[PDB]
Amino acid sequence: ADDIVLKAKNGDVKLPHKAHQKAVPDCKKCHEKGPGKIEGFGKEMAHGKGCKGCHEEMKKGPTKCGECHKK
């Protein structure tokens, strides 16, 4: 399957799966979540544990605006 881009108005956000599969062997951080995770995602989650927060906790991955968002 293909990578997805989130159409944030300030700039597209790429989500490269290959890097995540390699760097996050605990697949259940994202997969086999209960129902509601597709509807639930948004800016609050993205800027929290959905994206940025995991990067902070794992000590790796982008944490600056322009590292995630790109027109």
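When you see a residue number, it is the position in the sequence shown, counting from 1.
Thinking about Cα B factors across the chain, which third does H17 belong to?
-> It falls in the bottom third of the chain.
Thinking about Cα B factors across the chain, which third does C30 belong to?
-> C30: CA B-factor falls in the lowest third of its chain.
By its CA B factor, does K52 count among the lowest, middle or highest third of the modelled residues in the chain?
-> Middle third by C-alpha B-factor.
Relative C-alpha B-factor of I4, binned into the chain's lowest, middle or highest third = CA B-factor rank for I4: middle third.
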